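Engineer: output the structure for:
(4 chains)
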Amino acid sequence: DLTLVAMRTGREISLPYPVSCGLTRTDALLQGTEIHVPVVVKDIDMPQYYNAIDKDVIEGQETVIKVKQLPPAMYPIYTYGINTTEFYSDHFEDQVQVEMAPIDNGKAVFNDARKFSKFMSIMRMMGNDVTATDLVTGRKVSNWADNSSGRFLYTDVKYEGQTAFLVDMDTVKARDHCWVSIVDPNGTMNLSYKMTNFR
Amino acid sequence: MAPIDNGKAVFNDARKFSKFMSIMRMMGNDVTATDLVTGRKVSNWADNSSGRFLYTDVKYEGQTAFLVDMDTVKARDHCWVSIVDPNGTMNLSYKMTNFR
Amino acid sequence: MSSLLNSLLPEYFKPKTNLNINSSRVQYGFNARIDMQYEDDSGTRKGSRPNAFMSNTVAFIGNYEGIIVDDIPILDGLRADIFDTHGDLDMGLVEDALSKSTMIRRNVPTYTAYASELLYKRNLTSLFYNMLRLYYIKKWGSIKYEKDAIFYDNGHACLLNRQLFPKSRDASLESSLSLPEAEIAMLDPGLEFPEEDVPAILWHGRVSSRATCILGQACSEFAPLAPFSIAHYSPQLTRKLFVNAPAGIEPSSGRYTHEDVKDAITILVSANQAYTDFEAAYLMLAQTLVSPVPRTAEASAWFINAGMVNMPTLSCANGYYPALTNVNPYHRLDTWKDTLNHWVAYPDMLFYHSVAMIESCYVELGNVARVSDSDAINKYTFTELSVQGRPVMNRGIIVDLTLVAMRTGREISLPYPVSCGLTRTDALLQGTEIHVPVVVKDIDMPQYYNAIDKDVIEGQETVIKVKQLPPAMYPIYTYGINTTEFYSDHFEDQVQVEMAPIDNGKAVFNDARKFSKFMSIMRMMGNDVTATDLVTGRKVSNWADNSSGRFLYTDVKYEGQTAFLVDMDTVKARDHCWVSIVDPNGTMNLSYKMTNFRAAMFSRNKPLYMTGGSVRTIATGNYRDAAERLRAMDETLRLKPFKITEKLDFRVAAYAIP
Amino acid sequence: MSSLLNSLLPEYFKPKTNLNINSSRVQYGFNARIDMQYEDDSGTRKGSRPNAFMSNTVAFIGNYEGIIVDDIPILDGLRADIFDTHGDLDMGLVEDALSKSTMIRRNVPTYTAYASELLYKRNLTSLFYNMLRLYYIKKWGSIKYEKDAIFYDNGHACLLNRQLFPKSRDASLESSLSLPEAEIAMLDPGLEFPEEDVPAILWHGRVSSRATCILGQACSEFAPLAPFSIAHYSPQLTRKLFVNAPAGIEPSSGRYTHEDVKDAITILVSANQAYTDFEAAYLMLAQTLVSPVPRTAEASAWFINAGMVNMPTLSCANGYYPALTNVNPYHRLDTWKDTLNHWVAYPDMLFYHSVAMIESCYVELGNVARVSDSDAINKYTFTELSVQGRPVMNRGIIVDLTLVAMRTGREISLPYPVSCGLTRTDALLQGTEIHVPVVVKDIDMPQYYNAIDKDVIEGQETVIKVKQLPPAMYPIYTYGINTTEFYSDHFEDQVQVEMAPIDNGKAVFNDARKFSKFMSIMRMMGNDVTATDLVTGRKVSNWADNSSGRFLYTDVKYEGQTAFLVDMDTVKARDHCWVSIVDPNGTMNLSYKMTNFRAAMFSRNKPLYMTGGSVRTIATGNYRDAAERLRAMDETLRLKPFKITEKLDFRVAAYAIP
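Structural biologist: Residues are numbered from 1 along each chain as shown, chains lettered A, B, ... in the order given. Structure data below:
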């Protein structure tokens, strides 16, 4: 636990005695096997999003989700922009440039995985419900997959494969309050934000 | 060359897809790919008269990703250069002489 | 040792990750372009072979037997403090190391006494060997062995799988073995006296239901039905195996996927710090995995008698004393985790490393067999002069790695002098003619082969005599890295020979070297010439091997001195380029160039294509944060190469120190 | 002393830790390449044996009998304060030391009075000796002894195990002894007056359940059934043994392994500070671990009567005076812990140290038996002039160490002049005829051997009269380090036999020296020569051994005038790899050359290989440099970080060191 803190802050932690007592967290990681978490369903269109065991499930049924790679359990908040990585993208200033031509009728394909993550994340700050669909596999991902942080990490796809995300920009829905509207875009889009003060 | 997973190679970029099918045509390999957005089959052997591949043979303005069928690569016209299984970075250098 | 066997592959070839093997036979070669130029007294002629396929054939069939022997301990993974200023294990410091890392100090005198006896016999190489074999049985578990199939087939003679492998039946690879399960018990912490002749191993967290079944079957006896390379007979490793797991082990499931065996190996190595033990097992499997299909019928003499695989005894004392294994392990080389990191990333790459190793051994044994038994370096005393360490016995891997050094001409070095694996030089080290059993296909068989019965009928089972062992394989991957006169595997070469006077329709070739050069030219032009050996009275043919398009002098099948009567009237035209002429006149000059190499693999008379992505390099430098190279070149194994010095005889080979 | 016995081993010999002995007979030796030559007026005939095996057979049987004798006290261990300037117990500082301690005040005056007698009872050599024998009995317990087995056989004469060892039943070494346990009582600290004639020892913490069983059996009578060397007859050391352990003595377990005996020794030496006592016990066992199988039939005279082992009486008064032993002991030599530290690390090395000592002794007693009594340094007075100390009696280890000093040609130094162990020079000093029994095979025996009967039918039990004792072992480990002309153990040697054509093969050797070299070199060449003495009329054969393959002059079995007729048309070729003497004419010149040496061991007519780690030369400095180091790295858990680095893919993470 102390060696993980040393990696986060980026400093040298020193104790007087090399004592080895307390909780061990790295248990499910080192096993390197599939884990079967139980879930009770609410809607009927669940198993498209989550990697479920059943393909058709009536509401109020107890199902199982197959988790292979462990997603992050917490988002950095106290350690925000002290040792920044491009995965979490916990910057004060950030921008993304999605390049579209008028010949394309709103439909954009993200060949790159990095800028797809930043587009889907900044659109959620702006209070827009985007629903992308993978062209190779045929699954779907939604940027609204959290009600705490309000960011989109790439591990919300729940699948490691080839990157071909079709996003249709005439099915974008305004969900939250205090939001900027994308009524009908034409040409190159440039999104950007700035965090100024903290309380 | 894109990684061949089962018997299919995903070409996400547009420029790389144009260069790939342009090489395989000069070697003389009738390759058939599936456009993932539309769901229609493209073929590099569209025009027989002029022995070249233009990107307009896809017949879809806009952005897409192609799933190339690497198992069903037919051998129409074979010179000694002609290979079926590409591996890594493909280099083709040709010279045209003796016009009449 | 990944970096060693990876170097053997040719510079042009870089193989992809996956390879879907779906048969018990794989051809491997290259498609080269030959530009021949002919000149004689009549005039000049220029041609060009546009596509020429030179290939060997390798199979998954080889009769092997396991023996449990006592070998050296691998002292890698133990904490660095117990070792003194030199590279030696001091029992004075083991007492201190165990004392400081406990509150209960009553048990220190007892713990030290048992530890001193067990540390000098620690070896997990035999356990990883069986775990690796279980991985490949599950992965390639759809390969069929038919009993009434062909082994070698030329046209005159034939060998079936009934012969060479009696006591065999028709079975798939998954159907070959029905392994039992050894008792995987839990070591409760509190037991004071380690039970003797039972090893104890560490584990990360809870032992999975699937991990139990793998460890149970890995320790059990292997009893095959069909002869397979990766299912050979092995004795029982242990009866019990303790596992010091804080969380209790689960009962055995019964079934497991090939993916589950990877998870079992990755945990077992990481916990025990047994990285060098894995490197030994990796090299040990590279020898066994594949076996050569013989070039000619005489080259079946190698694979009659069952070669012995020396499996080290399974012992480990990490479970009892987990204080000795800590966060600061002792290692001799800084590149000591490369072999595992290579396998876990690219499992199917072992096939290419195995083909590269067995080729290098069986090519160089072609030369060692021809060495006269009245020189400094001969078949008996070639290993002993080469090695510069202190192993238990010059057996197993030491013999194989000595032949790789002689091939490549570079100094090979391992951290520990391990003597574990297959010994090939058994048929070689005996002054006796070997009786290869064969089947007669054509009535004129006794004229070609040295048969017992001089009159035969199509269908009869006879026996042929082999005195000197011919080469089993031709150089393909190791083509032109160092060229001997025997093989003549040049890129560019100018062959010059003087044609003998054609009296009636026959040309007498009294000299041995001139005869070899003549038939070598006529083969490259593509003329099937047949000559009569005057001493024996048997017919030789340059078209002996179709796969590799070259002529070796061992195709005559007569050690000693002779004169050949070549039939110049009956020169058939099998393959004709524009260079190809039938009537040579005076001094024959042939100058050829080989360009445009490209690797190709065939399986079941169709092209076998490589799948997956491109292999990115994984490799660690000589230093991580180490200041001074403390040489420590006393215990490390070193193998010195020998260079072949050609002499006038041509039939005899001779080695010298470079 | 591990140091002096280590130097006796050859330079080419590189020993390993473990040696898996599974029999009661070992043929230790070396493989050498002999280049023999026979020059003559007609021409030269060259030979070459690439692997020539020169061996000395060593067994685990030998009749010995222990007797309890009075020996000097060993004062190493006691605190350095009580000693004066000269180095003897200054009584007055003892009374001062006891007064300023944690002793009961009413016991001080009565205990101080006894000190004058009890403090000079310090000799634990007998206890350590018995505890070392228990270690090797349980380790090599599976070795067998058959009653009707062949002790010696040379074709003509045979000597069975029934002949030398009557009252002998066939049994395994483990099943030989049935040791009864002596009482191990706890010393009451509040005892009125110390009980002399009852030894009291110290212990660290609690006496374990197994330590009671080991100490109980160590201080008991050895009454064996089979005549084994490490299970010979010993009297009862003591009836009762006190142990000053505040933590109570647990009752006897009954069973124990060989590892538990090492635990018992290491606690006993550390508590009592008795390292010099252990060094004496190590050298004692080195003599009487293995006995040599006789080279010739008439060399069995050494092992007819049982040689007495001198075990010093068990006497220790540390239990009564705990204050006088502390962490600052008095020692003469600085390297006083080296012998124990060597044994704890490498227990099985004692086998090599044992054969080195007996081979050194029995070689020198060979060429000591061939000196006339009328001389300065002779049979009786070779020990007195060599010894420059003050031992009680010239017996035990003093006689064996002085013979080693003569062999190697160096000065052997011990800290205390202790006189305990086996005495070998018994049959020599008697100077009388010895009557060895023999069972005959052929009917023409009594011409060769000096037998009691002149006509004896096959299968009869006869007697041979041995007057002068022949050498029991040939020098092998000490080959060409201190060469004498008797053994003729040179690397290069030649002999010139001068004959004229007028003589029809018959040569008479007037000289005795060159007759020995001719007969010896002819046996290397594999030729069976049979000479006949002209004066007496007896016969000698060069083939009188199947181990070394040399001819010593003591094989004549008679001292007289030298006139040996050898007929050189009755020479028969016996062995393989031999040069032929078909028909010689003129002067003969024989010669050989030994070039290289490789250590080899045989057991049950199979190769015995050394396994385990590489044995080093342990020095006092190699451990105490790690004490100087102390691991001075302040024991503070400093965790260093890793900065994550992003690259093209971004899906997978990569950590850097800085």
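
Engineer: shouldn't residue A:106 be in contact with residue A:170?
Structural biologist: Yes - in this structure, residue A:106 is within contact of residue A:170 by C-beta atoms under 8 Å, at 4.7 Å. From N, CA and C alone the C-beta is placed, and that goes for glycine too.

Engineer: and the two? Which one has more around it.
Structural biologist: The residue with more neighbours, out of residue A:106 and residue A:170, is residue A:106; 15 against 10, by other C-beta atoms under 10 Å in any protein chain shown.

Engineer: check contacts around the more buried one.
Structural biologist: Counting by C-beta atoms under 8 Å, 6 or more residues apart in numbering or on different chains, residue A:106 makes contact with A:100, A:168, A:169, A:170, A:185.

Engineer: how about the first one: what's its closest non-neighbour residue?
Structural biologist: So that's residue A:100. What sits nearest to residue A:100 in space, not counting adjacent residues and going by C-beta to C-beta, 6 or more residues apart in numbering or on different chains, is residue A:108, at 5.3 Å.

Engineer: where does the one you found land in three-state SS?
Structural biologist: Put simply, residue A:108 is strand when judged by DSSP: H, G, I helix; E, B strand; the rest coil.

Engineer: and it, what does it touch?
Structural biologist: Counted by C-beta under 8 Å, 6+ apart, residue A:108 has contacts A:98, A:100, A:166, A:167, A:169, B:63.

Engineer: repeat that with 6 Å
Structural biologist: When contacts are counted by C-beta atoms under 6 Å, 6 or more residues apart in numbering or on different chains, residue A:108 is found next to A:98, A:100, A:167.

Engineer: any idea how far it lies from chain C?
Structural biologist: 27 Å (C-beta to the nearest C-beta, to the nearest Å).

Engineer: leaving aside the residues next to it on the chain, what's closest to the most centrally placed residue in chain A?
Structural biologist: In chain A, the centroid-proximal residue (C-alpha atoms, centre = their mean) is residue A:153; its distance is 2.3 Å. Excluding the flanking residues, the one nearest residue A:153 by C-beta to C-beta, 6+ apart is residue A:72, at 6.3 Å.

Engineer: ends of stretch A:163-177, how far apart?
Structural biologist: 32 Å (C-alpha to C-alpha, to the nearest Å).

Engineer: now that stretch: buried residues?
Structural biologist: A:163, A:164, A:165, A:166, A:167, A:169, A:172 (16 or more other C-beta atoms under 10 Å in any protein chain shown).

Engineer: please apply the same query to stretch A:17-36.
Structural biologist: residue A:31.

Engineer: I'd like the next helix or strand past the helix ranked longest in chain A.
Structural biologist: If you go by DSSP state H, chain A has its longest helix at helix A:114-125. Where DSSP states H and E defines the elements, the next helix or strand beyond helix A:114-125 is strand A:128-129.

Engineer: now the residue of chain A found nearest chain C. Nearest residue, chain neighbours left out?
Structural biologist: At 4.5 Å from chain C, residue A:30 is the closest residue in chain A, using C-beta to the nearest C-beta. Nearest residue to residue A:30, sequence neighbours excluded (C-beta to C-beta, 6+ apart): residue C:204, at 4.5 Å.

Engineer: can you show me the helices along chain A?
Structural biologist: A:2-9, A:28-31, A:114-125.

Engineer: just name the most buried of these.
Structural biologist: helix A:114-125 (a mean of 21; mean count of other C-beta atoms under 10 Å in any protein chain shown).

Engineer: wait, doesn't residue A:95 sit right on residue A:194?
Structural biologist: No - with contacts counted by C-beta atoms under 6 Å, residue A:95 stays clear of residue A:194, the gap being 10.1 Å.

Engineer: hey, what's the residue nearest to residue A:100 bridged with?
Structural biologist: Beta bridges link residue A:108 to residue A:167 when assigned by DSSP bridges.

Engineer: show me what the longest helix of chain A is packed against.
Structural biologist: strand A:93-98 (3 or more C-beta pairs under 6 Å, 6 or more residues apart in numbering or on different chains; DSSP states H and E).

Engineer: now the strand it packs on: buried residues?
Structural biologist: A:94, A:96, A:98.

Engineer: quick check: bridge partners of the first one?
Structural biologist: Here residue A:94 sits in beta bridges with residue A:193, as judged by DSSP bridges.

Engineer: that one and chain D: what is the separation?
Structural biologist: 14 Å.

Engineer: quick check: that residue vs chain B, distance?
Structural biologist: To chain B, residue A:94 is 24 Å away according to C-beta to the nearest C-beta.
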